[PDB]
Amino acid sequence: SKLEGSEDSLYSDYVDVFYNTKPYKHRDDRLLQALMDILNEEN
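Using PDB author numbering, the letters of the sequence shown correspond one by one to residues 711 to 753.
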């Protein structure tokens, strides 16, 4: 066991969430989408 069915550290996620680390490159395309809007009302 412990290696069949995505059973690799299921609780390890609870820790990482406490580190506040995940979006280092992008993860959630929000910052970029914000710049596109800047020109939405400026033609």
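For each residue, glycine too, the CB sits at the ideal point set by N, CA and C.
#1: Tell me which residue opens and which closes the alpha helix (DSSP H) that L742 is part of.
#2: DSSP on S719, reduced to helix/strand/coil?
#3: Return the CA-CA distance between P733 and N753, expressed in angstroms with no decimal places.
#4: Is DSSP giving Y724 helix, strand or coil here?
The short version:
#1: Numbered from its first residue, the sequence shown carries residue 742 at position 32. Element bounds for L742: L741 to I748.
#2: The sequence position of residue 719 within the sequence shown is 9, counting from 1. DSSP places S719 in coil when its eight states are reduced to three.
#3: For the purposes of this step, residue 733 is identified with residue 23 of the sequence shown, where counting begins at 1. For the purposes of this step, residue 753 is identified with residue 43 of the sequence shown, where counting begins at 1. Using only the alpha carbons, I get a separation of about 32 Å.
#4: Counting from one through the sequence shown, the residue named residue 724 turns up at place 14. Residue state, collapsed to three classes: helix.
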